[PDB]
>>> print(open('target_15.cif').read())   # mmCIF, C-alpha atoms
data_start
loop_
_atom_site.label_atom_id
_atom_site.label_comp_id
_atom_site.auth_asym_id
_atom_site.auth_seq_id
_atom_site.Cartn_x
_atom_site.Cartn_y
_atom_site.Cartn_z
CA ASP A 136 54.54 13.23 42.38
CA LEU A 137 52.21 10.44 41.21
CA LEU A 138 51.49 10.39 37.46
CA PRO A 139 47.90 11.11 36.36
CA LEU A 140 46.04 8.09 34.95
CA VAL A 141 45.73 8.18 31.16
CA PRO A 142 42.70 5.96 30.40
CA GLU A 143 42.79 3.40 27.58
CA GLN A 144 39.88 5.23 25.97
CA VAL A 145 41.26 7.74 23.47
CA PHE A 146 37.93 9.53 22.91
CA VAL A 147 36.17 9.34 26.30
CA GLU A 148 36.61 13.06 27.09
CA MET A 149 34.55 13.83 23.98
CA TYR A 150 31.93 11.05 24.31
CA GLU A 151 29.13 13.37 25.44
CA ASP A 152 29.66 15.90 22.65
CA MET A 153 30.14 13.12 20.07
CA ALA A 154 26.97 11.33 21.17
CA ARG A 155 24.91 14.53 20.93
CA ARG A 156 26.26 15.37 17.46
CA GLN A 157 25.75 11.80 16.18
CA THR A 158 22.19 11.90 17.53
CA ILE A 159 21.54 15.25 15.84
CA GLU A 160 23.14 14.21 12.52
CA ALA A 161 20.90 11.12 12.50
CA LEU A 162 17.74 13.09 13.35
CA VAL A 163 17.98 15.59 10.47
CA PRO A 164 20.11 14.57 7.48
CA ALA A 165 21.10 16.98 4.70
CA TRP A 166 18.45 18.49 2.43
CA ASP A 167 19.76 19.25 -1.06
CA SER A 168 18.36 21.26 -3.99
CA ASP A 169 15.90 18.65 -5.30
CA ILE A 170 14.03 18.02 -2.03
CA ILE A 171 13.99 21.75 -1.25
CA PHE A 172 12.32 22.35 -4.62
CA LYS A 173 9.73 19.64 -3.96
CA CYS A 174 9.04 21.19 -0.58
CA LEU A 175 8.53 24.60 -2.24
CA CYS A 176 6.11 23.13 -4.80
CA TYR A 177 4.19 21.64 -1.88
CA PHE A 178 4.26 24.91 0.06
CA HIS A 179 2.77 26.64 -3.01
CA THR A 180 -0.29 24.39 -2.87
CA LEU A 181 -0.76 25.58 0.72
CA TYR A 182 0.19 29.21 0.07
CA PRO A 183 -0.48 30.27 -3.57
CA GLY A 184 1.39 33.53 -2.98
CA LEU A 185 4.66 31.59 -2.82
CA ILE A 186 6.37 31.01 -6.16
CA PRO A 187 8.33 27.73 -6.09
CA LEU A 188 11.58 29.08 -7.57
CA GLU A 189 13.95 26.39 -8.87
CA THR A 190 17.03 25.54 -6.82
CA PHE A 191 19.00 24.15 -9.77
CA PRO A 192 21.34 25.80 -10.00
CA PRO A 193 20.75 27.67 -6.74
CA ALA A 194 21.46 31.36 -6.28
CA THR A 195 24.76 32.33 -4.66
CA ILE A 196 26.21 35.30 -2.78
CA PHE A 197 27.43 36.59 -6.14
CA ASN A 198 24.13 36.65 -8.06
CA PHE A 199 21.15 36.46 -5.67
CA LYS A 200 20.44 40.19 -6.06
CA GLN A 201 20.56 39.99 -9.85
CA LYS A 202 18.23 36.96 -9.79
CA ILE A 203 15.73 38.75 -7.55
CA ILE A 204 15.79 41.90 -9.75
CA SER A 205 15.20 39.81 -12.91
CA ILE A 206 12.21 38.08 -11.30
CA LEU A 207 10.64 41.32 -10.04
CA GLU A 208 11.16 43.08 -13.39
CA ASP A 209 9.53 40.08 -15.06
CA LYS A 210 6.59 40.21 -12.61
CA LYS A 211 6.22 43.91 -13.44
CA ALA A 212 6.17 43.05 -17.14
CA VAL A 213 3.57 40.28 -16.72
CA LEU A 214 1.25 42.65 -14.84
CA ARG A 215 1.53 45.05 -17.79
CA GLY A 216 1.25 42.50 -20.61
CA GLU A 217 4.88 42.96 -21.66
CA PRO A 218 7.57 40.40 -22.62
CA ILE A 219 9.67 38.75 -19.91
CA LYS A 220 13.47 38.97 -20.20
CA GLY A 221 14.72 36.77 -17.37
CA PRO A 222 16.00 33.19 -17.63
CA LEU A 223 13.09 30.71 -17.75
CA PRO A 224 12.66 27.72 -15.40
CA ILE A 225 13.33 24.16 -16.59
CA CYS A 226 10.31 22.43 -15.06
CA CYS A 227 7.62 24.96 -15.96
CA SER A 228 5.97 26.07 -19.20
CA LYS A 229 6.53 29.74 -20.08
CA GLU A 230 2.79 30.40 -19.83
CA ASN A 231 2.45 28.80 -16.39
CA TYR A 232 5.56 30.73 -15.30
CA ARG A 233 3.80 33.94 -16.36
CA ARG A 234 0.80 32.99 -14.21
CA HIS A 235 3.02 32.26 -11.20
CA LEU A 236 4.67 35.66 -11.64
CA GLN A 237 1.27 37.35 -11.84
CA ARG A 238 0.12 35.60 -8.66
CA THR A 239 3.23 35.59 -6.43
CA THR A 240 3.62 37.77 -3.35
CA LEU A 241 6.73 36.08 -1.96
CA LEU A 242 10.04 34.90 -3.44
CA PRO A 243 11.80 32.10 -1.50
CA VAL A 244 15.43 32.58 -2.56
CA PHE A 245 17.71 29.76 -1.39
CA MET A 246 21.40 30.60 -1.62
CA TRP A 247 24.12 27.95 -1.55
CA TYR A 248 27.33 29.27 0.02
CA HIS A 249 30.92 28.14 0.54
CA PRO A 250 33.77 30.26 2.05
CA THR A 251 36.35 29.18 -0.55
CA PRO A 252 34.95 30.06 -4.02
CA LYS A 253 35.46 33.66 -5.17
CA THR A 254 33.28 33.52 -8.29
CA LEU A 255 29.89 32.19 -9.42
CA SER A 256 31.67 29.56 -11.52
CA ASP A 257 34.01 28.52 -8.69
CA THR A 258 30.95 28.10 -6.48
CA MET A 259 29.21 25.90 -9.04
CA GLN A 260 32.42 23.88 -9.45
CA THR A 261 32.72 23.44 -5.67
CA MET A 262 29.08 22.40 -5.55
CA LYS A 263 29.78 19.66 -8.10
CA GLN A 264 32.91 18.36 -6.32
CA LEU A 265 31.09 18.02 -3.00
CA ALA A 266 27.97 16.42 -4.51
CA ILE A 267 29.74 13.51 -6.22
CA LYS A 268 31.62 12.57 -3.03
CA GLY A 269 28.41 13.06 -1.06
CA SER A 270 29.85 15.58 1.39
CA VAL A 271 28.36 18.77 2.89
CA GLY A 272 31.80 20.05 3.89
CA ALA A 273 31.90 23.75 4.74
CA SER A 274 28.92 24.47 2.47
CA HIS A 275 25.77 26.08 3.84
CA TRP A 276 22.21 26.94 2.72
CA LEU A 277 20.88 30.44 3.40
CA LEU A 278 17.39 31.79 2.79
CA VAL A 279 16.40 35.24 1.56
CA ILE A 280 12.64 35.83 1.63
CA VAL A 281 11.46 38.67 -0.60
CA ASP A 282 8.02 39.43 0.82
CA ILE A 283 6.59 41.60 -1.97
CA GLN A 284 3.26 42.28 -0.23
CA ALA A 285 4.90 43.56 2.96
CA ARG A 286 7.93 44.98 1.13
CA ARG A 287 10.24 43.02 3.42
CA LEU A 288 13.55 41.22 2.86
CA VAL A 289 14.09 38.49 5.47
CA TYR A 290 17.57 36.96 5.77
CA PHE A 291 17.83 33.60 7.54
CA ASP A 292 21.21 32.13 8.50
CA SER A 293 20.85 29.09 10.78
CA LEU A 294 24.52 29.53 11.72
CA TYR A 295 23.85 33.21 12.52
CA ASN A 296 27.03 34.76 11.07
CA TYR A 297 28.50 32.16 8.70
CA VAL A 298 28.82 34.51 5.71
CA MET A 299 29.50 37.75 7.54
CA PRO A 300 28.50 39.54 10.76
CA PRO A 301 24.74 40.30 10.81
CA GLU A 302 25.37 44.08 10.73
CA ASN A 303 27.43 43.72 7.56
CA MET A 304 24.67 41.68 5.90
CA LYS A 305 22.15 44.24 7.20
CA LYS A 306 24.12 47.00 5.46
CA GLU A 307 24.36 45.10 2.16
CA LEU A 308 20.68 44.18 2.20
CA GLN A 309 19.67 47.75 3.12
CA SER A 310 21.45 49.09 0.02
CA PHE A 311 19.77 46.35 -2.02
CA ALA A 312 16.41 47.28 -0.50
CA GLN A 313 16.62 50.86 -1.79
CA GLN A 314 17.57 49.50 -5.21
CA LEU A 315 14.36 47.46 -5.08
CA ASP A 316 12.41 50.66 -4.33
CA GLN A 317 13.47 51.90 -7.77
CA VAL A 318 13.14 48.50 -9.49
CA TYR A 319 9.79 47.56 -7.95
CA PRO A 320 8.26 50.82 -6.69
CA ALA A 321 5.13 51.03 -4.52
CA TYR A 322 2.18 53.42 -4.94
CA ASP A 323 2.36 54.79 -1.40
CA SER A 324 6.18 55.02 -1.54
CA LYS A 325 6.54 52.51 1.29
CA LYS A 326 10.20 51.45 1.48
CA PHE A 327 11.53 47.89 1.53
CA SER A 328 12.55 46.95 5.07
CA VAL A 329 15.19 44.39 6.05
CA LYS A 330 14.98 41.78 8.82
CA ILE A 331 17.93 39.67 9.98
CA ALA A 332 16.01 36.67 11.34
CA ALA A 333 18.64 34.94 13.49
CA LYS A 334 19.96 36.56 16.68
CA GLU A 335 22.10 33.51 17.54
CA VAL A 336 23.09 30.06 16.23
CA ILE A 337 19.97 27.92 15.67
CA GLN A 338 21.70 24.92 14.10
CA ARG A 339 23.77 24.03 17.21
CA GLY A 340 25.35 20.58 17.07
CA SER A 341 24.73 19.91 13.37
CA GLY A 342 26.59 20.12 10.09
CA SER A 343 23.70 18.95 7.92
CA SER A 344 20.39 20.42 9.13
CA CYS A 345 20.77 23.79 7.35
CA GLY A 346 18.50 22.93 4.41
CA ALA A 347 15.71 21.67 6.66
CA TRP A 348 16.05 24.69 8.98
CA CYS A 349 15.55 27.08 6.05
CA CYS A 350 12.39 25.29 4.97
CA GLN A 351 11.09 25.20 8.55
CA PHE A 352 11.64 28.94 8.99
CA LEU A 353 9.96 29.59 5.64
CA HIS A 354 6.93 27.55 6.70
CA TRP A 355 6.80 29.46 10.00
CA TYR A 356 6.98 32.74 8.09
CA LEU A 357 4.21 31.59 5.74
CA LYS A 358 1.95 30.79 8.71
CA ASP A 359 2.80 34.14 10.30
CA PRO A 360 5.05 36.80 8.68
CA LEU A 361 5.65 38.23 12.15
CA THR A 362 6.62 34.89 13.72
CA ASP A 363 9.00 34.92 16.67
CA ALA A 364 9.44 31.14 16.47
CA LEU A 365 13.22 31.54 16.56
CA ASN A 366 12.83 32.88 20.11
CA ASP A 367 10.38 30.20 21.29
CA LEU A 368 12.88 27.44 20.49
CA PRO A 369 13.91 24.82 23.08
CA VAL A 370 17.32 25.49 24.65
CA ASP A 371 18.53 21.94 24.05
CA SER A 372 20.20 21.28 20.69
CA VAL A 373 18.85 17.73 20.55
CA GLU A 374 15.27 18.81 21.30
CA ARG A 375 15.39 21.46 18.56
CA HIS A 376 16.38 18.82 16.02
CA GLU A 377 13.79 16.22 17.07
CA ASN A 378 11.12 18.87 16.54
CA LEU A 379 12.72 19.67 13.18
CA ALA A 380 12.79 15.93 12.46
CA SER A 381 9.00 15.72 12.80
CA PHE A 382 8.67 18.68 10.41
CA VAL A 383 10.97 16.94 7.93
CA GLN A 384 9.06 13.65 8.18
CA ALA A 385 5.73 15.41 7.68
CA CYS A 386 7.09 17.25 4.63
CA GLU A 387 8.60 14.12 3.08
CA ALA A 388 5.28 12.31 3.43
CA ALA A 389 3.36 15.30 2.05
CA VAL A 390 5.36 15.39 -1.21
CA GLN A 391 5.87 11.62 -1.65
CA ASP A 392 2.94 11.32 -4.06
CA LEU A 393 3.35 14.74 -5.69
CA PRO A 394 4.53 15.09 -9.33
CA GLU A 395 8.31 15.08 -9.95
CA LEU A 396 10.18 17.97 -11.60
CA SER A 397 7.06 19.99 -12.44
CA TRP A 398 5.60 23.21 -11.08
CA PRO A 399 2.04 23.10 -9.73
CA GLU A 400 -0.53 25.21 -11.59
CA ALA A 401 -0.46 28.85 -10.41
#
>>> encode(input="target_15.cif", output="structure tokens")
Amino acid sequence: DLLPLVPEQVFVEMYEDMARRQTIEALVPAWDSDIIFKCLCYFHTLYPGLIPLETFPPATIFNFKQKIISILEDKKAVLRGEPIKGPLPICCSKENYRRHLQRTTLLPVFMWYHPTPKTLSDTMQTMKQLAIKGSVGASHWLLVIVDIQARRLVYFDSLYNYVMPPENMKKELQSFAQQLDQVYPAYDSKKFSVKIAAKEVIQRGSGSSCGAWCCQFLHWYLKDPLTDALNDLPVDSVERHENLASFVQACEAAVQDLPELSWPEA
């Protein structure tokens, strides 16, 4: 039997997939902690209810719940004229921080995650290693929105199930939600609800657009806390990211002439 032709193009069978991924990677490069923070400061000017929490160092899977509880307990104190006990931000005066706490209705909690580290310190160490070599690697940004006004926790994973299956995260967040009912109780005894935002992979074809996706979802949520934008997405991976690219470009222009490393006034 005649031998099959083996072409003198080692990668040709992957050309289409490679071209799409290269296109996507070029459209939306990685967003790290500093630009995310600038974007949050900008978002606050548009939506005063959003407190621009610092992403340095970012929360992790090991301490995001403790960080949220500290912030809410401090907000409770501020509304009662009592001392705050939580760690203070670097780029904000303590007085301005108190005013942000008094005003905020929504905590944008960005979590930086990597499969390998098993502790908070290991995670920070991994974060440092990757940063100096300029690699994303297997790291991933996640967003937890604590909507105080609606008593809603929204979990956004652009890779859908990168940390754990969505039902396992649902379970963990549901237990956390009832802890928040005791920590930050409501007059009418309305319970904190939990929403897993992503029903499938949004970030198809990319290893770097996670940061931008989180900020885009947040902005969609800020425009409409009932948004179904994740369902109205284009099917094509490339089209999704060229829409995201316009968002990114608009944001980067919007913050270009905004003050560096400083919170806006509450």
>>> closest_residue(input="target_15.cif", among="A:335, A:392, A:189, A:160", to="residue 365 in chain A", atoms="all atoms listed in the file")
A:335
>>> atom_distance(input="target_15.cif", atom1="CA of residue 398 in chain A", atom2="CA of residue 332 in chain A")
28.1 Å
>>> closest_residue(input="target_15.cif", among="A:173, A:334, A:179, A:306", to="residue 240 in chain A", atoms="only C-alpha atoms")
A:179
>>> residues_around(input="target_15.cif", residues="residue 287 in chain A", least_positions_apart="5", cutoff="10 Å", atoms="all atoms listed in the file", output="VMD selection string")
chain A and resid 241 280 to 282 312 326 to 330 360
>>> write_last_selection(input="target_15.cif", atoms="C-alpha atoms", output="PDB file, in the coordinates of the input")
ATOM      1  CA  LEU A 241       6.730  36.080  -1.960  1.00  0.00           C
ATOM      2  CA  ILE A 280      12.640  35.830   1.630  1.00  0.00           C
ATOM      3  CA  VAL A 281      11.460  38.670  -0.600  1.00  0.00           C
ATOM      4  CA  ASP A 282       8.020  39.430   0.820  1.00  0.00           C
ATOM      5  CA  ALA A 312      16.410  47.280  -0.500  1.00  0.00           C
ATOM      6  CA  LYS A 326      10.200  51.450   1.480  1.00  0.00           C
ATOM      7  CA  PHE A 327      11.530  47.890   1.530  1.00  0.00           C
ATOM      8  CA  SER A 328      12.550  46.950   5.070  1.00  0.00           C
ATOM      9  CA  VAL A 329      15.190  44.390   6.050  1.00  0.00           C
ATOM     10  CA  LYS A 330      14.980  41.780   8.820  1.00  0.00           C
ATOM     11  CA  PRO A 360       5.050  36.800   8.680  1.00  0.00           C
TER      12      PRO A 360
END
>>> atom_distance(input="target_15.cif", atom1="CA of residue 302 in chain A", atom2="CA of residue 325 in chain A")
22.7 Å
>>> atom_distance(input="target_15.cif", atom1="CA of residue 373 in chain A", atom2="CA of residue 262 in chain A")
28.4 Å
>>> residues_near_point(input="target_15.cif", point="(27.9, 39.5, -5.6)", cutoff="12 Å", atoms="only C-alpha atoms", output="CSV table (one decimal) with C-alpha atoms, in the coordinates of the input")
chain,number,residue,atom,x,y,z
A,194,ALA,CA,21.5,31.4,-6.3
A,195,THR,CA,24.8,32.3,-4.7
A,196,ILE,CA,26.2,35.3,-2.8
A,197,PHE,CA,27.4,36.6,-6.1
A,198,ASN,CA,24.1,36.6,-8.1
A,199,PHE,CA,21.2,36.5,-5.7
A,200,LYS,CA,20.4,40.2,-6.1
A,201,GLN,CA,20.6,40.0,-9.8
A,202,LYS,CA,18.2,37.0,-9.8
A,246,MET,CA,21.4,30.6,-1.6
A,248,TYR,CA,27.3,29.3,0.0
A,252,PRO,CA,35.0,30.1,-4.0
A,253,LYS,CA,35.5,33.7,-5.2
A,254,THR,CA,33.3,33.5,-8.3
A,255,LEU,CA,29.9,32.2,-9.4
A,258,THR,CA,31.0,28.1,-6.5
A,307,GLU,CA,24.4,45.1,2.2
A,308,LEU,CA,20.7,44.2,2.2
A,311,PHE,CA,19.8,46.4,-2.0
>>> residues_around(input="target_15.cif", residues="residue 225 in chain A", least_positions_apart="5", cutoff="12 Å", atoms="all atoms listed in the file", output="short mmCIF file (atom, residue, chain, number, x, y, z; two decimals) with C-alpha atoms, keeping the file's coordinate frame")
data_model
loop_
_atom_site.label_atom_id
_atom_site.label_comp_id
_atom_site.auth_asym_id
_atom_site.auth_seq_id
_atom_site.Cartn_x
_atom_site.Cartn_y
_atom_site.Cartn_z
CA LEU A 188 11.58 29.08 -7.57
CA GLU A 189 13.95 26.39 -8.87
CA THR A 190 17.03 25.54 -6.82
CA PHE A 191 19.00 24.15 -9.77
CA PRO A 192 21.34 25.80 -10.00
CA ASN A 231 2.45 28.80 -16.39
CA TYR A 232 5.56 30.73 -15.30
CA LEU A 396 10.18 17.97 -11.60
CA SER A 397 7.06 19.99 -12.44
CA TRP A 398 5.60 23.21 -11.08
#
>>> resolve_selection(input="target_15.cif", expression="the PyMOL selection byres ((chain A and resi 148-159) around 10)", output="list in words")
residues 142, 144, 145, 146, 147, 160, 161, 162, 163, 164, 338, 339, 340, 341, 342, 343, 344, 372, 373, 374, 375, 376, 377 and 380 of chain A
>>> resolve_selection(input="target_15.cif", expression="the PyMOL selection byres ((chain A and resi 400) around 12)", output="PDB file with C-alpha atoms, keeping the file's coordinate frame")
ATOM      1  CA  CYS A 176       6.110  23.130  -4.800  1.00  0.00           C
ATOM      2  CA  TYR A 177       4.190  21.640  -1.880  1.00  0.00           C
ATOM      3  CA  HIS A 179       2.770  26.640  -3.010  1.00  0.00           C
ATOM      4  CA  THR A 180      -0.290  24.390  -2.870  1.00  0.00           C
ATOM      5  CA  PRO A 183      -0.480  30.270  -3.570  1.00  0.00           C
ATOM      6  CA  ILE A 186       6.370  31.010  -6.160  1.00  0.00           C
ATOM      7  CA  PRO A 187       8.330  27.730  -6.090  1.00  0.00           C
ATOM      8  CA  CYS A 226      10.310  22.430 -15.060  1.00  0.00           C
ATOM      9  CA  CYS A 227       7.620  24.960 -15.960  1.00  0.00           C
ATOM     10  CA  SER A 228       5.970  26.070 -19.200  1.00  0.00           C
ATOM     11  CA  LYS A 229       6.530  29.740 -20.080  1.00  0.00           C
ATOM     12  CA  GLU A 230       2.790  30.400 -19.830  1.00  0.00           C
ATOM     13  CA  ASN A 231       2.450  28.800 -16.390  1.00  0.00           C
ATOM     14  CA  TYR A 232       5.560  30.730 -15.300  1.00  0.00           C
ATOM     15  CA  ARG A 233       3.800  33.940 -16.360  1.00  0.00           C
ATOM     16  CA  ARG A 234       0.800  32.990 -14.210  1.00  0.00           C
ATOM     17  CA  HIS A 235       3.020  32.260 -11.200  1.00  0.00           C
ATOM     18  CA  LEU A 236       4.670  35.660 -11.640  1.00  0.00           C
ATOM     19  CA  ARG A 238       0.120  35.600  -8.660  1.00  0.00           C
ATOM     20  CA  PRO A 394       4.530  15.090  -9.330  1.00  0.00           C
ATOM     21  CA  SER A 397       7.060  19.990 -12.440  1.00  0.00           C
ATOM     22  CA  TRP A 398       5.600  23.210 -11.080  1.00  0.00           C
ATOM     23  CA  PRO A 399       2.040  23.100  -9.730  1.00  0.00           C
ATOM     24  CA  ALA A 401      -0.460  28.850 -10.410  1.00  0.00           C
TER      25      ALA A 401
END
>>> closest_residue(input="target_15.cif", among="A:250, A:383, A:215, A:336", to="residue 351 in chain A", atoms="all atoms listed in the file")
A:383
>>> residues_around(input="target_15.cif", residues="residue 208 in chain A", least_positions_apart="6", cutoff="12 Å", atoms="all atoms listed in the file", output="number ranges by chain")
A: 201-202, 214-215, 217-222, 236-237, 315-320
>>> write_last_selection(input="target_15.cif", atoms="C-alpha atoms", output="PDB file, keeping the file's coordinate frame")
ATOM      1  CA  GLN A 201      20.560  39.990  -9.850  1.00  0.00           C
ATOM      2  CA  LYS A 202      18.230  36.960  -9.790  1.00  0.00           C
ATOM      3  CA  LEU A 214       1.250  42.650 -14.840  1.00  0.00           C
ATOM      4  CA  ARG A 215       1.530  45.050 -17.790  1.00  0.00           C
ATOM      5  CA  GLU A 217       4.880  42.960 -21.660  1.00  0.00           C
ATOM      6  CA  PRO A 218       7.570  40.400 -22.620  1.00  0.00           C
ATOM      7  CA  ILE A 219       9.670  38.750 -19.910  1.00  0.00           C
ATOM      8  CA  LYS A 220      13.470  38.970 -20.200  1.00  0.00           C
ATOM      9  CA  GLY A 221      14.720  36.770 -17.370  1.00  0.00           C
ATOM     10  CA  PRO A 222      16.000  33.190 -17.630  1.00  0.00           C
ATOM     11  CA  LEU A 236       4.670  35.660 -11.640  1.00  0.00           C
ATOM     12  CA  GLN A 237       1.270  37.350 -11.840  1.00  0.00           C
ATOM     13  CA  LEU A 315      14.360  47.460  -5.080  1.00  0.00           C
ATOM     14  CA  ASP A 316      12.410  50.660  -4.330  1.00  0.00           C
ATOM     15  CA  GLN A 317      13.470  51.900  -7.770  1.00  0.00           C
ATOM     16  CA  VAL A 318      13.140  48.500  -9.490  1.00  0.00           C
ATOM     17  CA  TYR A 319       9.790  47.560  -7.950  1.00  0.00           C
ATOM     18  CA  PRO A 320       8.260  50.820  -6.690  1.00  0.00           C
TER      19      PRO A 320
END
>>> closest_residue(input="target_15.cif", among="A:239, A:301, A:382, A:363", to="residue 211 in chain A", atoms="all atoms listed in the file")
A:239
>>> closest_residue(input="target_15.cif", among="A:243, A:300, A:272, A:369", to="residue 184 in chain A", atoms="only C-alpha atoms")
A:243
>>> closest_residue(input="target_15.cif", among="A:347, A:204, A:337, A:141", to="residue 385 in chain A", atoms="all atoms listed in the file")
A:347
>>> residues_around(input="target_15.cif", residues="residue 167 in chain A", least_positions_apart="4", cutoff="10 Å", atoms="only C-alpha atoms", output="NGL selection string")
:A and (171-172 or 190 or 247 or 266 or 271 or 276 or 343 or 345-347)
>>> write_last_selection(input="target_15.cif", atoms="C-alpha atoms", output="PDB file, in the coordinates of the input")
ATOM      1  CA  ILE A 171      13.990  21.750  -1.250  1.00  0.00           C
ATOM      2  CA  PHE A 172      12.320  22.350  -4.620  1.00  0.00           C
ATOM      3  CA  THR A 190      17.030  25.540  -6.820  1.00  0.00           C
ATOM      4  CA  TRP A 247      24.120  27.950  -1.550  1.00  0.00           C
ATOM      5  CA  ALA A 266      27.970  16.420  -4.510  1.00  0.00           C
ATOM      6  CA  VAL A 271      28.360  18.770   2.890  1.00  0.00           C
ATOM      7  CA  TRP A 276      22.210  26.940   2.720  1.00  0.00           C
ATOM      8  CA  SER A 343      23.700  18.950   7.920  1.00  0.00           C
ATOM      9  CA  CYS A 345      20.770  23.790   7.350  1.00  0.00           C
ATOM     10  CA  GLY A 346      18.500  22.930   4.410  1.00  0.00           C
ATOM     11  CA  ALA A 347      15.710  21.670   6.660  1.00  0.00           C
TER      12      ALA A 347
END
